[PDB]
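Engineer: Attaching a single structure in structure tokens format; questions to follow.
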Amino acid sequence: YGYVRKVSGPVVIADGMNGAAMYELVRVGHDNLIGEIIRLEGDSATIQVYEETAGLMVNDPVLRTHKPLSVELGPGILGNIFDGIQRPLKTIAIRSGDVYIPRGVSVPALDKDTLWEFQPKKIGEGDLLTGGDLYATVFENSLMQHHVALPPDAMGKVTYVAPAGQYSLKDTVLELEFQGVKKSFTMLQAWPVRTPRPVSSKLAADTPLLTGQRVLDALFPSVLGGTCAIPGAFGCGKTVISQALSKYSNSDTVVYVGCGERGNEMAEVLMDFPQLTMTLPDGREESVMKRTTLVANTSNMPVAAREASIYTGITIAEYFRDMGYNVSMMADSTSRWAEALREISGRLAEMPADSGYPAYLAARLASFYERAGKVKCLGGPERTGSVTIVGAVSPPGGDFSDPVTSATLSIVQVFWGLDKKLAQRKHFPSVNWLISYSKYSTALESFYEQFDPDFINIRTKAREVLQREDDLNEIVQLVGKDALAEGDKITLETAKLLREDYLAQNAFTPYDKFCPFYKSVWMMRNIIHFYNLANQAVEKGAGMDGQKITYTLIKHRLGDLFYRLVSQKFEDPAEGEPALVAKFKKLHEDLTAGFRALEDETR
Amino acid sequence: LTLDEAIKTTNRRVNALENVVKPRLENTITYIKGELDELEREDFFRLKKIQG
Amino acid sequence: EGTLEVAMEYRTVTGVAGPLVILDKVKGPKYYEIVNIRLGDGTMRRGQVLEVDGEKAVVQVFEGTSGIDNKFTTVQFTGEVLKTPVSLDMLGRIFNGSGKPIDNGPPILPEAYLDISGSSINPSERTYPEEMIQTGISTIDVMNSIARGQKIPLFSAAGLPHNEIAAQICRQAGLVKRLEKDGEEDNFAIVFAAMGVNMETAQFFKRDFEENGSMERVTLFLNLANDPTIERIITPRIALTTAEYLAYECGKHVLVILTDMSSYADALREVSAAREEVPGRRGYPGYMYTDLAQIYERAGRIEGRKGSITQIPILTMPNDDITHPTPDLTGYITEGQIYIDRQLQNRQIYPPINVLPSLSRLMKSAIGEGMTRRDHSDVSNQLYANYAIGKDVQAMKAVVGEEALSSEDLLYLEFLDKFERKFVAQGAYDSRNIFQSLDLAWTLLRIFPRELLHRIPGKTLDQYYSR
Amino acid sequence: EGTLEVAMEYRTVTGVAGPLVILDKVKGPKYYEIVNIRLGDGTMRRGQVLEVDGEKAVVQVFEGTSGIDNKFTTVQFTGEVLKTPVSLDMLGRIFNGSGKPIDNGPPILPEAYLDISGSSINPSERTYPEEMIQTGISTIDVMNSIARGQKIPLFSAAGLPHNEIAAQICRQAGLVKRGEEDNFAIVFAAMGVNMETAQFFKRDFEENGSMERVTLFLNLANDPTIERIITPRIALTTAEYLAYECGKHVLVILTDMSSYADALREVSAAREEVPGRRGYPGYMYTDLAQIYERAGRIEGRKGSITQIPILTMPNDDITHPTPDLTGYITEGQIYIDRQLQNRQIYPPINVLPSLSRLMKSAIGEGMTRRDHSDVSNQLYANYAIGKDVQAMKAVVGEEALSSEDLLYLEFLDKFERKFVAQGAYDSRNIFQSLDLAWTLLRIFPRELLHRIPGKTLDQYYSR
């Protein structure tokens with residue numbers, strides 16, 4: 001229909017493209033490569049080809065699909081690895097034994113032949129259904145409970161509803177008729193990826209995201225449906241944090257997408273999630289892999305498809321959101337997406353506004369982040385889904401003045417600042433307490449109050465202790481280890497304990513793999529209450545000697561209790577909530593009693 | 001006591017003040033040049049190509 | 001007005017790229033002609049004519065360029081510049097970036113249409129700010145006061161609660177003259193325009209103005225980040241035009257809150273890059289100074305009318321700096337600057353205002369015998385000098401040693417401590433009159449000896465040293 | 001089969017500038033079609049068509065554009081992307097940067113032509129690295145280990161013995177063996193080396209007796225700069241063929257990774273493209289990925305590719321764009337210290353930044369000991385604290401090191417003296433080294449140890 005005129009890396013110019021509209025999928029060459037209109041000039045148009053463009057020839061056929069970028073968002077996507085264009089990897093490998101990714105394959109997004117146990121809902125014949133109405137639900141697998149919903153922009157009366165039973169995706173289920181015409185629906189639903197899936201109304205989020213890591217859960221929390229940023233300069237390996245969040249989040253579903261991510265990392269994900277199990281209230285062993293979908297394309301894949309990868313990820317997350325579930329997404333190495341934008345715009349000769357990155361960078365990144373949130377879903381019943389976005393912005397050179405980092409930190413709500421210093425010292429979380437900041441503290445105040453009112457006070461005290469520790473470290477480095485005030489020495493103490501015990505998690509040991517929130521609260525309370533007791537002892541000790549000067553002697557005589565404080569992190573959570581709470585109770589009371597008696601002694 | 005204080009001040013200066021300021025100067029020079037000069041010349045070249 | 005003409009309708013779209021469409025064979029195209037774009041699917045988008053040459057015309061599109069095709073896209077030329085509808089009914093309503101209402105209500109029934117970027121006021125007819133308003137914030141009220149018609153931008157960075165303090169200022173807007181001040185005309189009629197704000201911040205602002213009870217007074221224009229960029233370059237202009245009508249032709253004091261000027265500069269850069277012209281500093285368009293001047297200079301008292309406009313545009317330092325073109329040009333234009341300091345935020349002070357860089361050019365005229373006590377200027381000067389000397393003394397004590405610090409050195413450090421502890425710190429809803437704040441400032445000043453208060457004249461000291 | 005066709009021969013070169021030759025009136029071009037330009041003098045050289053537009057075609061030659069006439073040079077279109085005749089016989093020989101034989105032997109008889117810049121392994125197909133490698137160096141196997149499929153580079157500034165280290169690793173390379181036909185078949189890329197270093201490599205490999213299983217890809221600096229970029233591609237293509245489609249494990253070595261980056265910057269600047277940091281091309285992350293992101297263990301096949309590049313910090317700064325991108329991509333690093341080299345240590349590895357991201361899977365029950373991870377963690381963490389102790393001693397004095405700091409300083413000194421040092425041919429096995437590693441760990445008090453549990457090392461026994 002159309003023919004190619006110019007080929008320049010990922011960008012391809014086609015002539016005879018008169019009727020083409022922007023962002024319409026297009027088939028290029030005898031191999032029918034995927035492409036999206038980006039710039040149209042005259043009878044010609046510009047196409048970014050998501051596939052590799054090497055080997056094209058002038059006058060290769062160009063075919064219009066007339067449909068914008070679309071993803072088949074039907075059931076069965078859970079637990080499957082999909083490419084940037086959302087092609088099924090496993091089916092491709094099975095169909096063509098060649099492990100190498102073929103070029104020109106047309107595998108459908110989802111198998112048209114799977115039989116799914118379909119359970120129709122309370123819907124009846126002639127009922128007035130609307131867009132987003134859950135006319136039924138289907139079990140993809142254990143803990144899926146996939147809810148088939150009517151696509152938006154659809155309404156009518158139920159002329160025919162299918163009975164319960166196994167169904168192919170070709171099979172029609174609903175046959176609603178709005179304006180007399182009887183339209184038949186099926187499980188397959190295609191969505192223009194660029195246009196967000198509509199919602200009834202966005203709303204504030206007040207359910208905290210439980211990462212299971214002490215530092216992030218307490219110091220810099222995030223709410224479900226929030227927006228987060230992990231810079232993670234080279235050497236930090238942020239992907240371990242992302243994987244830990246995926247494994248031990250409270251989310252209903254995980255959509256992991258890696259743009260520019262290493263292939264080894266996706267291999268690790270797919271080879272370690274199925275064995276790892278999460279315990280639901282029913283308690284049965286269940287594989288996280290079913291809860292997780294992977295939209296990643298490795299760094300070897302063409303860079304034109306980074307944008308398609310991220311948008312397919314976000315639209316799949318939105319689709320799960322409209323189902324009423326709470327889904328969290330990690331977008332590894334969005335800096336690769338920024339480089340993809342720069343490479344694409346470079347060929348278009350668009351003037352580089354800043355450091356090669358095109359001017360319209362903040363706009364696209366802001367759109368991608370703003371798709372996040374917690375919303376009231378459309379249709380019946382009254383679902384309230386949510387999407388949590390936790391992206392990654394790797395700073396080239398480890399400087400946060402980078403344009404991608406600048407825009408992200410400008411538009412992000414909560415920011416977790418990784419640093420090279422803690423990474424070098426093998427701290428492991430490497431979450432710098434200074435630069436990191438959470439704008440969700442005000443929202444989670446109600447949750448904190450209902451859980452434990454003490455949490456906010458001890459949190460503020462811990463922040464003050466850390467800031468004082470930094471200031472005292474600077475002052476000492478300026479002056480020296482001499483002339484250290486006994487109160488200042490006691491402040492630096494238990495701040496070292498905070499850093500060594502509470503702020504660090506092994507992340508590869510059974511005890512530190514997952515930190516429950518209650519034990520985190522207990523541990524912070526123990527540390528800060530030891531600090532408060534030390535301050536009280538400094539206040540009164542039968543003379544300034546026993547009060548504060550003998551803090552060293554206190555450390556000598558309270559050494560067992562201080563060692564218990566530092567070892568409280570070592571205990572595993574498998575002991576159960578009662579065991580942990582009893583141990584923390586006895587530890588806190590023993591510490592208080594020993595401190596008071598020793599403070600009573602000689603004072 | 002005075003000699004100890006003075007030696008401490010001098011050692012602190014030589015170990016921290018200059019050893020931090022010199023990296024600051026290097027970073028400032030690197031950022032200034034490799035960002036402003038490079039991007040300004042790139043913009044000028046792109047404009048020249050546009051006119052061409 | 002005898003006879004009219006119906007708008008032309010061309011189907012020619014010789015070129016579509018970025019946020020722009022290039023129409024051709026368009027005869028008699030005006031500059032800044034407002035065009036309505038009927039797509040093939042039938043959806044309607046509105047845009048502006050960026051430049052005209054021969055039969056060509058570069059048309060920017062407000063709602064984006066994601067559906068245009070040569071065969072079926074049709075565009076109409078209305079033959080006029082943007083004229084937003086305005087009326088007194090525009091109050092108490094929330095509007096999209098382009099001015100389309102989103103309050104689930106009806107569109108504005110216009111009292112008149114006003115061309116955007118309204119007529120330039122004869123400078124010989126302007127007047128200096130006469131009275132000042134009480135901001136409630138101690139740092140703002142005591143130093144760098146805000147006068148009716150003053151242009152005070154709040155300088156902040158990412159993370160700093162500039163939005164929260166903006167909401168607090170909207171809550172605490174009030175007059176101060178001799179503590180005397182229904183006042184429906186005197187009602188501040190806050191016109192809050194935010195561009196490219198996070199949806200969470202949008203809901204925050206909506207709920208904050210809904211709960212404050214000023215919903216019959218305030219008026220919000222929103223252009224969210226996910227909203228198209230081009231819409232953002234008009235939203236503050238719409239806000240300024242609405243404020244100009246509600247103030248000048250409606251006789252009401254009007255306060256304007258513009259949010260995230262860095263976002264506006266981003267939209268300007270995007271438009272310039274899409275048009276592909278010579279860039280300026282940091283690749284920005286060279287006329288960004290003119291745009292900021294035209295967006296700022298539309299405020300101030302006017303001799304012939306009882307109204308006024310006092311605008312507080314919060315600005316985001318991109319890399320927490322000032323040499324960036326946006327803060328630099330804003331300082332060149334705006335007659336003030338209030339700084340929010342990351343160091344203050346690190347010590348967890350809810351208002352992080354650092355008074356040392358903060359300054360109002362018209363503070364001297366703002367303070368008056370009716371407005372404040374006669375010693376108010378002395379308080380400001382003494383606090384400035386004491387804070388500066390205390391910072392220098394703190395640096396000297398750090399380099400030489402805490403013990404080596406003299407008696408006056410410890411006095412200055414103690415003054416810094418009590419200042420940053422009691423003076424700057426204020427509650428989320430602390431709203432105190434200027435007089436008690438000045439009295440507590442005299443307490444802080446009398447902590448220093450009379451001799452050290454050399455900057456203060458002796459008469460003001462005798463008036464308010466012992467008290 | 002569809003009938004053959006002979007290549008077109010053009011003469012319509014209509015403009016030359018820089019490294020680019022512009023053609024016109026081309027009938028049916030092809031992107032990245034390899035062209036073999038023949039000049040008027042009769043000499044020939046190759047090049048790639050980097051852009052195709054209309055009937056025009058922009059060609060970037062290989063051997064440079066000098067001596068090309070707009071009315072006598074003839075261009076021929078092979079109509080295919082670059083292909084390297086990979087075959088099993090390629091073992092035990094040497095090749096130029098472009099792959100032409102230089103071992104005074106006949107050209108390779110190909111088993112099958114394979115287009116270089118090969119398609120990515122399906123991500124689902126890729127499998128995690130699980131088996132340790134006996135490089136023949138102690139400090140690498142003891143801590144910051146290597147897995148048979150794991151990529152890890154060697155960081156080393158100019159003037160350091162990193163080339164000698166690479167030669168030692170290549171000659172002492174071997175499987176853990178805890179066979180020979182499928183053993184390590186080392187491919188040794190050489191991206192832009194000095195002639196003296198080239199002779200060094202040739203002599204060392206020939207005399208080592210490992211020439212029965214090692215293929216070199218030498219590329220000197222005198223060679224055309226573009227020919228340098230296709231070298232670490234041809235090398236990886238041959239490695240892929242030998243490992244996945246021929247079975248034997250391959251331990252690929254790339255030298256002067258910075259030289260490849262310099263080759264990229266020069267070519268990109270000639271192409272007048274958008275510059276990243278330091279003027280390097282913006283898409284360098286992609287093109288370093290296409291090089292690095294090839295080593296790994298495909299599931300359907302028993303082969304394995306292991307990647308050991310060698311970088312060179314230009315200004316001795318790890319913040320340079322090339323090491324930054326590498327550390328982003330390459331899954332760990334081995335670091336070489338200039339100060340330790342000044343201290344007259346032959347393997348000057350600095351253990352503070354030397355980490356292996358896949359070491360957690362390299363250790364296990366099949367190999368190493370149950371305390372290997374804990375010993376590595378302690379000897380990796382206490383070294384930093386000892387360095388901080390040394391800094392505090394320097395900024396205060398000798399008496400500043402208290403009863404705890406002095407132990408850290410002594411641990412650092414003994415660690416830099418005994419453990420790190422090794423012979424020029426030392427195959428120090430893991431257990432004998434880990435004994436003295438635990439001795440170093442026990443220099444510090446056996447109970448003051450914070451991170452490690454005492455029971456883990458208690459599983460091991462002294463003597």
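Letters for chains follow the order of the structure tokens (A, B, ...), residue numbers begin at 1 for each chain, and ligand numbers begin at 1 in the order shown.
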For residue 391 of chain C, please output as a PyMOL selection string all residues within 12 Å (counting only C-alpha atoms; exclusion window: fewer than 3 positions along the same chain).
Structural biologist: chain C and resi 356+384-388+394-398+409-417+419-420
Engineer: Residues of the last selection are to be written out with N, CA, C and O atoms, as a CSV table (one decimal), in the first residue's frame.
Structural biologist:
```csv
chain,number,residue,atom,x,y,z
C,356,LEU,N,17.6,35.8,55.5
C,356,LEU,CA,18.8,36.4,55.0
C,356,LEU,C,18.8,36.7,53.5
C,356,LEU,O,19.1,37.9,53.1
C,384,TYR,N,18.2,41.7,60.8
C,384,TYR,CA,19.1,41.4,59.6
C,384,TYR,C,20.6,41.5,60.1
C,384,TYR,O,21.4,40.5,59.8
C,385,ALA,N,21.0,42.6,60.7
C,385,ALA,CA,22.4,42.7,61.1
C,385,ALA,C,22.8,41.6,62.1
C,385,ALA,O,23.9,41.1,62.0
C,386,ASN,N,22.0,41.4,63.1
C,386,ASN,CA,22.3,40.4,64.1
C,386,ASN,C,22.4,39.0,63.5
C,386,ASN,O,23.3,38.2,63.8
C,387,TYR,N,21.5,38.6,62.6
C,387,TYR,CA,21.5,37.3,61.9
C,387,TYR,C,22.8,37.2,61.1
C,387,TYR,O,23.5,36.1,61.1
C,388,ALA,N,23.1,38.2,60.3
C,388,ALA,CA,24.3,38.1,59.5
C,388,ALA,C,25.6,38.0,60.3
C,388,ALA,O,26.5,37.2,60.1
C,394,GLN,N,29.4,32.3,63.8
C,394,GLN,CA,29.3,30.8,63.8
C,394,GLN,C,30.3,30.2,63.0
C,394,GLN,O,31.0,29.2,63.3
C,395,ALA,N,30.5,30.7,61.8
C,395,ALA,CA,31.6,30.2,60.9
C,395,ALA,C,33.0,30.4,61.6
C,395,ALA,O,33.8,29.5,61.5
C,396,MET,N,33.2,31.6,62.2
C,396,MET,CA,34.5,31.8,62.8
C,396,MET,C,34.7,30.9,64.0
C,396,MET,O,35.8,30.3,64.2
C,397,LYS,N,33.7,30.6,64.8
C,397,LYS,CA,33.8,29.7,65.9
C,397,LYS,C,34.0,28.3,65.4
C,397,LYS,O,34.7,27.5,66.0
C,398,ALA,N,33.4,27.9,64.3
C,398,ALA,CA,33.6,26.6,63.7
C,398,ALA,C,35.0,26.4,63.3
C,398,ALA,O,35.6,25.4,63.5
C,409,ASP,N,30.6,36.2,70.8
C,409,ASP,CA,30.4,35.1,69.9
C,409,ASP,C,29.3,34.2,70.4
C,409,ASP,O,28.4,33.8,69.6
C,410,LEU,N,29.4,33.7,71.6
C,410,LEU,CA,28.4,32.9,72.2
C,410,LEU,C,27.0,33.6,72.2
C,410,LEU,O,26.0,32.9,72.0
C,411,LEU,N,27.0,34.9,72.5
C,411,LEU,CA,25.8,35.6,72.4
C,411,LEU,C,25.2,35.6,71.0
C,411,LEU,O,23.9,35.4,70.9
C,412,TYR,N,26.0,35.7,70.0
C,412,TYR,CA,25.4,35.7,68.6
C,412,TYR,C,24.9,34.3,68.3
C,412,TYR,O,23.9,34.2,67.6
C,413,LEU,N,25.7,33.3,68.7
C,413,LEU,CA,25.2,31.9,68.4
C,413,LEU,C,23.9,31.6,69.2
C,413,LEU,O,23.0,31.0,68.6
C,414,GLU,N,23.8,32.1,70.4
C,414,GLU,CA,22.5,32.0,71.2
C,414,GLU,C,21.4,32.7,70.5
C,414,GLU,O,20.2,32.2,70.5
C,415,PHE,N,21.7,33.9,70.0
C,415,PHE,CA,20.6,34.6,69.2
C,415,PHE,C,20.2,33.8,68.0
C,415,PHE,O,19.0,33.8,67.7
C,416,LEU,N,21.1,33.3,67.3
C,416,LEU,CA,20.7,32.4,66.1
C,416,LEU,C,19.8,31.3,66.6
C,416,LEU,O,18.8,30.9,65.9
C,417,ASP,N,20.2,30.6,67.7
C,417,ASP,CA,19.4,29.5,68.2
C,417,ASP,C,18.0,29.9,68.5
C,417,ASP,O,17.1,29.3,68.0
C,419,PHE,N,16.4,32.5,67.6
C,419,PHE,CA,15.7,33.0,66.4
C,419,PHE,C,15.1,31.8,65.6
C,419,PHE,O,13.9,31.7,65.5
C,420,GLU,N,16.0,30.9,65.2
C,420,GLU,CA,15.5,29.8,64.4
C,420,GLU,C,14.6,28.8,65.2
C,420,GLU,O,13.9,28.0,64.6
```
Engineer: I'd like the neighbourhood of residue 39 of chain B as a list in words, where a residue qualifies if any of its atoms comes within 8 Å (using only C-alpha atoms), though same-chain residues fewer than 4 positions away should be ignored.
Structural biologist: residues 352, 354, 355 and 356 of chain A; 34, 35 and 43 of chain B
Engineer: Quick one: residues within 7 Å of segment 450-457 of chain D, only C-alpha atoms, excluding same-chain residues fewer than 3 positions away - as a list in words?
Structural biologist: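 The residues satisfying every condition are residues 371, 374, 378 and 460 of chain D.
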Engineer: For chain A against chain C, which residues fall within 9 Å using only C-alpha atoms, given as an MDAnalysis selection string?
Structural biologist: chainID A and resid 18:24 38:43 202:205 350:354 358:360 362:364 366:371 373 400:401 406:407 409:414 434 437:439 460 463:464 467 475 478:479
Engineer: Export, as a PDB file, in the first residue's frame, the selected residues with C-alpha atoms.
Structural biologist:
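Wrote it out as again-v5.pdb, contents follow:
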```pdb
ATOM      1  CA  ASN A  18      -1.429  10.463   2.478  1.00  0.00           C
ATOM      2  CA  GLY A  19      -4.241   9.074   4.618  1.00  0.00           C
ATOM      3  CA  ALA A  20      -2.046   8.205   7.594  1.00  0.00           C
ATOM      4  CA  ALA A  21      -2.928   9.593  11.018  1.00  0.00           C
ATOM      5  CA  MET A  22      -0.532  10.137  13.895  1.00  0.00           C
ATOM      6  CA  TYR A  23       0.295   7.258  16.230  1.00  0.00           C
ATOM      7  CA  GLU A  24      -1.280   4.639  13.954  1.00  0.00           C
ATOM      8  CA  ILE A  38       5.465  10.169  14.895  1.00  0.00           C
ATOM      9  CA  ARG A  39       5.924  12.925  12.289  1.00  0.00           C
ATOM     10  CA  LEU A  40       3.857  13.432   9.147  1.00  0.00           C
ATOM     11  CA  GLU A  41       5.037  15.823   6.427  1.00  0.00           C
ATOM     12  CA  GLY A  42       3.286  16.077   3.090  1.00  0.00           C
ATOM     13  CA  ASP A  43       2.357  12.799   1.457  1.00  0.00           C
ATOM     14  CA  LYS A 202      -9.399   9.645  41.291  1.00  0.00           C
ATOM     15  CA  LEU A 203      -9.160   9.851  45.065  1.00  0.00           C
ATOM     16  CA  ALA A 204      -6.621  10.173  47.850  1.00  0.00           C
ATOM     17  CA  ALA A 205      -4.736   7.105  49.058  1.00  0.00           C
ATOM     18  CA  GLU A 350      14.702  18.235  16.850  1.00  0.00           C
ATOM     19  CA  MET A 351      16.727  20.870  18.648  1.00  0.00           C
ATOM     20  CA  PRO A 352      18.223  19.449  21.884  1.00  0.00           C
ATOM     21  CA  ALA A 353      16.908  21.629  24.691  1.00  0.00           C
ATOM     22  CA  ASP A 354      19.122  20.202  27.445  1.00  0.00           C
ATOM     23  CA  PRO A 358      14.468  16.654  23.860  1.00  0.00           C
ATOM     24  CA  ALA A 359      12.410  19.429  25.393  1.00  0.00           C
ATOM     25  CA  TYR A 360       9.266  17.279  25.673  1.00  0.00           C
ATOM     26  CA  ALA A 362       9.219  16.257  31.410  1.00  0.00           C
ATOM     27  CA  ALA A 363       5.831  16.084  29.686  1.00  0.00           C
ATOM     28  CA  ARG A 364       6.043  12.400  28.773  1.00  0.00           C
ATOM     29  CA  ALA A 366       4.944  13.352  33.945  1.00  0.00           C
ATOM     30  CA  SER A 367       2.192  11.616  31.984  1.00  0.00           C
ATOM     31  CA  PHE A 368       3.675   8.205  32.751  1.00  0.00           C
ATOM     32  CA  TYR A 369       3.939   8.973  36.461  1.00  0.00           C
ATOM     33  CA  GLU A 370       0.537  10.677  36.647  1.00  0.00           C
ATOM     34  CA  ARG A 371      -1.173   7.543  35.362  1.00  0.00           C
ATOM     35  CA  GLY A 373      -2.838   6.649  41.779  1.00  0.00           C
ATOM     36  CA  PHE A 400      21.420  13.918  40.735  1.00  0.00           C
ATOM     37  CA  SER A 401      21.544  17.082  38.620  1.00  0.00           C
ATOM     38  CA  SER A 406      15.589  16.485  37.893  1.00  0.00           C
ATOM     39  CA  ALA A 407      12.224  15.951  36.200  1.00  0.00           C
ATOM     40  CA  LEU A 409      12.245  14.443  41.592  1.00  0.00           C
ATOM     41  CA  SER A 410      10.198  17.415  40.417  1.00  0.00           C
ATOM     42  CA  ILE A 411       7.118  15.277  39.753  1.00  0.00           C
ATOM     43  CA  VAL A 412       7.636  12.343  42.162  1.00  0.00           C
ATOM     44  CA  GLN A 413       5.899  12.229  45.533  1.00  0.00           C
ATOM     45  CA  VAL A 414       8.259  10.041  47.591  1.00  0.00           C
ATOM     46  CA  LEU A 434      19.324  12.631  54.386  1.00  0.00           C
ATOM     47  CA  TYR A 437      12.136  12.262  51.629  1.00  0.00           C
ATOM     48  CA  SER A 438       8.490  11.195  51.671  1.00  0.00           C
ATOM     49  CA  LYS A 439       5.661  13.621  50.916  1.00  0.00           C
ATOM     50  CA  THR A 460      10.624  12.475  64.344  1.00  0.00           C
ATOM     51  CA  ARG A 463      15.184  11.909  62.202  1.00  0.00           C
ATOM     52  CA  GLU A 464      16.468  14.498  64.675  1.00  0.00           C
ATOM     53  CA  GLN A 467      20.573  14.929  61.636  1.00  0.00           C
ATOM     54  CA  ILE A 475      32.049  18.975  63.662  1.00  0.00           C
ATOM     55  CA  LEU A 478      36.664  19.457  61.717  1.00  0.00           C
ATOM     56  CA  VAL A 479      37.936  19.436  65.308  1.00  0.00           C
TER      57      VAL A 479
END
```
Engineer: Name the closest residue to chain A among the candidates B:12, B:37, B:20, B:45; distances are taken between atoms, counting only C-alpha atoms.
Structural biologist: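 Using only C-alpha atoms, the shortest distance to chain A belongs to B:12.
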Engineer: So, counting only C-alpha atoms, which residue among D:66, D:397, D:58, D:78 is closest to residue 7 of chain D?
Structural biologist: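 For residue 7 of chain D, the nearest of the candidates is D:78.
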Engineer: For the interface of chain B with chain A (cut-off 9 Å, counting only C-alpha atoms), please tabulate each contacting residue of chain B alongside its nearest pair of atoms and their separation in Å to one decimal, rows sorted by chain and increasing number, as JSON lines.
Structural biologist:
```
{"residue": "B:8", "atom": "CA", "partner": "A:479", "partner_atom": "CA", "distance": 7.6}
{"residue": "B:9", "atom": "CA", "partner": "A:479", "partner_atom": "CA", "distance": 7.6}
{"residue": "B:12", "atom": "CA", "partner": "A:478", "partner_atom": "CA", "distance": 6.5}
{"residue": "B:13", "atom": "CA", "partner": "A:478", "partner_atom": "CA", "distance": 8.5}
{"residue": "B:16", "atom": "CA", "partner": "A:478", "partner_atom": "CA", "distance": 8.1}
{"residue": "B:35", "atom": "CA", "partner": "A:355", "partner_atom": "CA", "distance": 6.7}
{"residue": "B:36", "atom": "CA", "partner": "A:355", "partner_atom": "CA", "distance": 8.7}
{"residue": "B:38", "atom": "CA", "partner": "A:355", "partner_atom": "CA", "distance": 8.5}
{"residue": "B:39", "atom": "CA", "partner": "A:355", "partner_atom": "CA", "distance": 6.2}
{"residue": "B:42", "atom": "CA", "partner": "A:352", "partner_atom": "CA", "distance": 8.0}
{"residue": "B:43", "atom": "CA", "partner": "A:351", "partner_atom": "CA", "distance": 6.6}
{"residue": "B:46", "atom": "CA", "partner": "A:351", "partner_atom": "CA", "distance": 6.7}
{"residue": "B:47", "atom": "CA", "partner": "A:351", "partner_atom": "CA", "distance": 8.1}
{"residue": "B:50", "atom": "CA", "partner": "A:349", "partner_atom": "CA", "distance": 8.8}
```
Engineer: Please provide the set of residues having any atom within 12 Å of residue 330 of chain C, restricted to only C-alpha atoms, with same-chain residues fewer than 5 positions apart removed, written as a ChimeraX atom specification.
Structural biologist: /C:151-155,261-262,265,288-297,312-317,322-325,335-338
Engineer: Mind writing the picked residues with C-alpha atoms as a compact mmCIF listing (two decimals), in the first residue's frame?
Structural biologist:
```
# COMPACT_ATOMS: atom_id res chain seq x y z
CA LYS C 151 5.09 41.15 43.44
CA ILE C 152 6.57 38.64 45.90
CA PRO C 153 7.67 35.30 44.42
CA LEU C 154 8.31 32.46 46.87
CA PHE C 155 11.53 30.73 45.84
CA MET C 261 6.83 29.04 37.01
CA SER C 262 9.45 26.42 36.14
CA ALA C 265 9.27 27.85 31.37
CA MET C 288 11.42 34.13 27.96
CA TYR C 289 12.27 37.37 29.76
CA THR C 290 9.59 39.19 27.77
CA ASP C 291 7.05 36.46 28.52
CA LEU C 292 7.82 36.57 32.25
CA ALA C 293 7.63 40.37 32.23
CA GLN C 294 4.23 40.27 30.54
CA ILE C 295 3.06 37.61 33.00
CA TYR C 296 4.34 39.60 36.00
CA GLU C 297 3.79 43.29 35.19
CA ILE C 312 2.54 35.67 44.78
CA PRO C 313 4.04 33.41 42.08
CA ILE C 314 5.74 30.45 43.72
CA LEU C 315 8.81 29.43 41.74
CA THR C 316 10.78 26.18 41.73
CA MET C 317 14.55 26.36 41.52
CA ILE C 322 19.29 30.98 41.16
CA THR C 323 21.58 31.43 38.14
CA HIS C 324 19.04 29.38 36.19
CA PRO C 325 17.29 31.62 33.63
CA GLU C 335 10.22 43.37 43.24
CA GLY C 336 10.85 40.75 45.93
CA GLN C 337 12.01 37.25 46.76
CA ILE C 338 11.18 34.87 49.62
```
Engineer: Would you pick out the contacts of residue 28 of chain A at 9 Å or less, using only C-alpha atoms, so that residues sharing its chain but fewer than 6 positions from it are not included, and give the list as a PyMOL selection string?
Structural biologist: chain A and resi 2-4+14+34-35+49+60-64
